[PDB]
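Taking it in order: structure first as structure tokens, then the write-up.
Hydrogens, waters and symmetry mates play no part in the numbers below; they use all other heavy atoms, side chains included. Naming convention: chains lettered A, B, ... in sequence-line order (proteins, then strands); numbering from 1 in each chain.
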There are 2 protein chains.
Amino acid sequence: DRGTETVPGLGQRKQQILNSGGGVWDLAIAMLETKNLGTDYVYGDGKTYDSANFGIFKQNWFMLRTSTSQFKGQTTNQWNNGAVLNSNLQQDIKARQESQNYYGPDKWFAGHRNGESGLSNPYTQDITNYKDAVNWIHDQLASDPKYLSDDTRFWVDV
Amino acid sequence: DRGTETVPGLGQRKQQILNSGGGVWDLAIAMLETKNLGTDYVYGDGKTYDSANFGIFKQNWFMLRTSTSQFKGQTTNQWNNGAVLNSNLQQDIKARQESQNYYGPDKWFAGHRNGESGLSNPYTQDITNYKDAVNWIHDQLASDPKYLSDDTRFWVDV
């Protein structure tokens, strides 16, 4: 299942993300993680330690602490450090980009979804379904420049 | 086929790439495009206009002028402006990252390999063979931190 919906104010947030170092690809990922391109879901998305999620992409702390310049070398026990990404969009965006440039896109998808255990085999069907959804959303945003500044959300039910 | 070979001074190119904004992912792409991680292949790789290649990744001008901030809006005629990527490694790397963040990984691979017609046909065998080669190289680089600064090249025929 997939479709469109109108979210008042989403256009301004899209532009803020592109103005903060995000690309269209980052927008597609974020668009699929929350409806408001926000960080105001429950803290850690209700998870802790290596599983905790932070920022507009819901990056997990395992990924943050292994593949970003901002968190490289920090421990599982230090997972609460990731919460600064809930209020620094520029750092949030730069972290995800560095994480993806460290692992490459295929492994990034796998670690983003399944953590440490996903890095073993990036190509299971579960990871593929997520990858496919992000790609469908990117294709829609890239089909008309007005989707980069209007209130249209493209959603996929993964 | 694929394999390894040693290339003197390759390690200092690796470290300059990694110190100029590039990740391991970028290094794997560059490692497959030239033996020496350099820009001294023939000008434009002997191609012109939208097809001309620039930089350590051999990015083509169609991609640079449609998907980088440094060249956005420029025309087919202006193809020589990409020549600056042959001696500014920091700009070269950031051009490729922005291109990929604009098209997304799958589309970027197709545009990089086949230009504008690649965007309409992203999943040919040759584009897939190229992506699989990059991933194999990335895995080899990521198998041992030594390879990020020693003089080893991992090469793939296709």
Side-chain angles (χ1 to χ4, degrees), chain A residues 1-5 7 10 13-14 17-18 20-39 41 45 53-60 62-64 67-68 85 89 92-115 117-119 121-145 147-148 150 152-156 158, chain B residues 23 25 67 96-112 118-119 122-123 127-128 131 134-135 138:
Chain A
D1 223 357
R2 64 201 65 226
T4 66
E5 59 186 325
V7 180
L10 196 72
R13 181 59 165 182
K14 292 177 197 179
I17 283 160
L18 304 172
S20 307
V24 173
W25 182 245
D26 296 301
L27 191 50
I29 296 161
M31 183 161 275
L32 172 80
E33 294 293 352
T34 75
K35 179 167 178 235
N36 60 345
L37 298 173
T39 68
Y41 49 90
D45 208 30
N53 293 170
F54 298 110
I56 64 170
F57 312 104
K58 292 191 200 192
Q59 300 181 82
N60 60 72
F62 169 76
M63 290 296 272
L64 292 175
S67 59
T68 69
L85 294 191
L89 181 64
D92 190 15
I93 287 177
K94 182 189 129 142
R96 200 213 65 78
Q97 285 167 355
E98 294 185 335
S99 190
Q100 200 189 286
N101 283 316
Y102 175 95
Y103 283 117
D106 283 350
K107 273 156 157 312
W108 179 82
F109 276 119
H112 184 246
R113 290 294 281 190
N114 289 350
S117 45
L119 302 173
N121 183 6
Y123 298 104
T124 55
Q125 191 52 58
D126 56 348
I127 292 150
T128 301
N129 294 338
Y130 180 84
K131 206 152 46 147
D132 291 349
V134 171
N135 280 286
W136 182 83
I137 291 180
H138 178 94
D139 289 0
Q140 314 310 305
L141 296 167
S143 66
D144 192 318
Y147 292 136
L148 308 182
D150 84 338
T152 309
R153 161 173 209 234
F154 296 100
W155 61 267
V156 184
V158 189
Chain B
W25 175 246
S67 63
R96 204 211 58 75
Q97 286 162 358
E98 277 169 1
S99 197
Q100 195 188 294
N101 248 27
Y102 177 87
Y103 281 113
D106 280 353
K107 256 109 171 249
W108 177 84
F109 270 116
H112 185 253
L119 302 183
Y123 297 107
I127 293 167
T128 298
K131 294 192 291 173
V134 168
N135 279 338
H138 180 79

Quick one: side chain to side chain contact (heavy atoms under 4.5 Å, CB included) partners of A/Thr128, sequence neighbours excluded? A/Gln125, A/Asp132

Could you state the interatomic distance from CG (A/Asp26) to CD1 (A/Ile17), rounded to the nearest 0.5 Å? 8.5 Å

Would you compute the distance between atom OG1 of A/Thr152 and atom NZ of A/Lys14 and round it to the nearest 0.5 angstrom? 5.0 Å

Could you check, using the six-membered ring where one of them is a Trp, whether A/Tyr103 and A/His112 have ring centers closer than 6.0 angstrom? no

Is there a side-chain contact between A/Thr68 and A/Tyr102 in this structure, where contact means two heavy atoms from C-beta onward sitting under 4.5 Å apart? no

Find out whether the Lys NZ or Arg CZ of A/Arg2 is both under 6.0 angstrom from the six-membered ring centre of A/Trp155 and within 45° of the ring's axis. no

Between A/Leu37 and A/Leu27, is there a side-chain heavy-atom distance shorter than 4.5 Å? yes

What's the verdict on side-chain contact (heavy atoms from CB on, under 4.5 Å) for B/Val134 and B/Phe109, showing C-alpha distance, side-chain angles and the deciding distance? CA-CA 10 Å; B/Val134 168; B/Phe109 270 116; 4.0 Å; yes

Give the C-alpha distance, both sets of side-chain angles, the deciding distance and a yes or no for side chain to side chain donor-acceptor pair (under 3.5 Å) between A/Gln59 and A/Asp92. CA-CA 9 Å; A/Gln59 300 181 82; A/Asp92 190 15; 3.3 Å; yes

Using modelled atom types and a 3.5 Å cut-off, is there a donor and acceptor pairing between side-chain atoms of A/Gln97 and backbone atoms of A/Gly21? yes

So do A/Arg113 and A/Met63 actually touch side chain to side chain, heavy atoms under 4.5 Å? no

A/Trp108 six-ring centre to A/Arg96 NZ/CZ under 6.0 Å and within 45° of normal: yes

Side chain to side chain, A/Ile29 and A/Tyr130, heavy atoms closer than 4.5 Å: yes

Minimum heavy-atom distance A/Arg13-A/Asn36, with the two atoms named: CG-O, 3.9 Å

Hey, are the side chains of A/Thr34 and A/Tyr41 touching, using non-hydrogen atoms and a 4.5 Å cut-off? yes

Hey, could you give me the CG/CG distance between A/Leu10 and A/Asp150, rounded to the nearest 0.5 Å? 8.0 Å

Salt bridge check, A/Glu33 against A/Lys58: does any charged N sit closer than 4.0 Å to a carboxylate O? no

Measure across A/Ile127 and A/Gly118 and return the closest heavy-atom pair with its distance rounded to 0.1 Å. CD1-O, 4.4 Å

Which residues pass the side chain to side chain donor-acceptor pair (under 3.5 Å) test with A/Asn101, sequence neighbours left out? none

Do A/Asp1 and A/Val156 pass the side-chain contact (heavy atoms from CB on, under 4.5 Å) test, and can you show the C-alpha distance, the side-chain angles, and the key distance before you say yes or no? CA-CA 6 Å; A/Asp1 223 357; A/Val156 184; over 6 Å; no

When you look at A/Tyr123 and A/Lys131, which way does the side-chain contact (heavy atoms from CB on, under 4.5 Å) test go after all the steps? CA-CA 10 Å; A/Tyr123 298 104; A/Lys131 206 152 46 147; 4.2 Å; yes

All side chain to side chain contact (heavy atoms under 4.5 Å, CB included) counterparts of A/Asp139, not counting sequence neighbours: B/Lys107

Could you pull out all residues at least two apart from A/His138 that satisfy side chain to side chain contact (heavy atoms under 4.5 Å, CB included)? A/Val24, A/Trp25, A/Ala28, A/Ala142

In Å and rounded to the nearest 0.5 Å, what is the CG to OG distance from A/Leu89 to A/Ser20? 4.5 Å

Is there a side-chain contact between A/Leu32 and A/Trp136 (heavy atoms, below 4.5 Å)? no

Is there a side-chain contact between B/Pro122 and B/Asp106, using heavy atoms and a 4.5 Å cut-off? no

Here the gap from A/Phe57 atom CZ to A/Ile93 atom CD1, rounded to the nearest 0.5 Å, amounts to 5.0 Å

Are the side chains of A/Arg153 and A/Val7 in contact, using a 4.5 Å heavy-atom criterion? yes

The criterion is side chain to side chain contact (heavy atoms under 4.5 Å, CB included); which residues satisfy it with A/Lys94, sequence neighbours excluded? A/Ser69, A/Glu98

Check whether any side-chain N or O of A/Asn60 sits under 3.5 Å from a backbone N or O of A/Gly111 as a donor-acceptor pair, and report yes or no. yes

Residues forming a ring-ring contact (aromatic ring centres under 6.0 Å, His included) with A/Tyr147, sequence neighbours excluded: A/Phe154

I'd like to know if the side chain of A/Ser67 reaches the main chain of A/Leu64, judged simply by a donor and an acceptor atom lying under 3.5 Å from each other, with no hydrogens or angles considered. no

